[PDB]
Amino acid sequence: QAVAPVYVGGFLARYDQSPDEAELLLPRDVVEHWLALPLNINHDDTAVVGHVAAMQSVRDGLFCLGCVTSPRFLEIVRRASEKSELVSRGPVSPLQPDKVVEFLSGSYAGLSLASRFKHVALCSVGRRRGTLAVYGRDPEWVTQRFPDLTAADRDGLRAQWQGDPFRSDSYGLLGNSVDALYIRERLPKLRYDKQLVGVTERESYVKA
């Protein structure tokens, strides 16, 4: 079923990266000290789509695994996915087509941690670099998309992930999508994030 659960994984912060703003800084020690969070869209608290199923502080940073479960949001996404050229082109060679997963990959390619832990936002592109969002139906498959993770890192994550809270609508998502078009260097940042975490379009649903 298309409207079945969707897992999203990726880094909320890369220690090896120097944030441009003194606000984005997120040291390891301060993170390992703090280390279920709601998962939303673009930080709008009226757009909760699921929850964070796991968080693990690793070598290169803070890795996060989330699960999109809102029936209202998955249905809106399903409908929109049927009317999208990007999605009709499908994924790369081996990967089987998954409209909902592909629409989510194209739309919210970034991950953003809110704590200006309050919650993780799915967004057009994260403000911190290396925050690529990877979507999939199977949590194991998702975590295996990141080379930086070790079997030990994955075991810590597996133990964790192992009414409808979305109070928004298609109109809200649409207005948000137009904003996405004016975020400068969006794609370059995404490509940079992709390169940094070693994820490739030739082995995932990443559109960037």
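One-based numbering along the sequence shown.
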Between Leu35 and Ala36, how many deposited residues lack coordinates (none, 1 to 3, 4 to 9, 10 or more)? 10 or more
Gap between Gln162 and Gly163, counted in deposited residues with no coordinates, falls in the class 10 or more
Averaged over C-alpha atoms, is the B-factor higher for 126-134 or for 88-96 in this PDB entry? 88-96
If you take the mean CA temperature factor per stretch, which one wins between 179-187 and 23-31? 23-31
Residue with highest C-alpha B-factor in the PDB entry, from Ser105, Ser81, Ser112, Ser115: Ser115
Out of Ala53, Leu39, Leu149, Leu174, which shows the largest CA B-factor listed in the entry? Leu149
Splitting the chain's C-alpha B-factors into thirds, which one does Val58 fall into? highest
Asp169, C-alpha B-factor rank within chain (lowest, middle or highest third): lowest
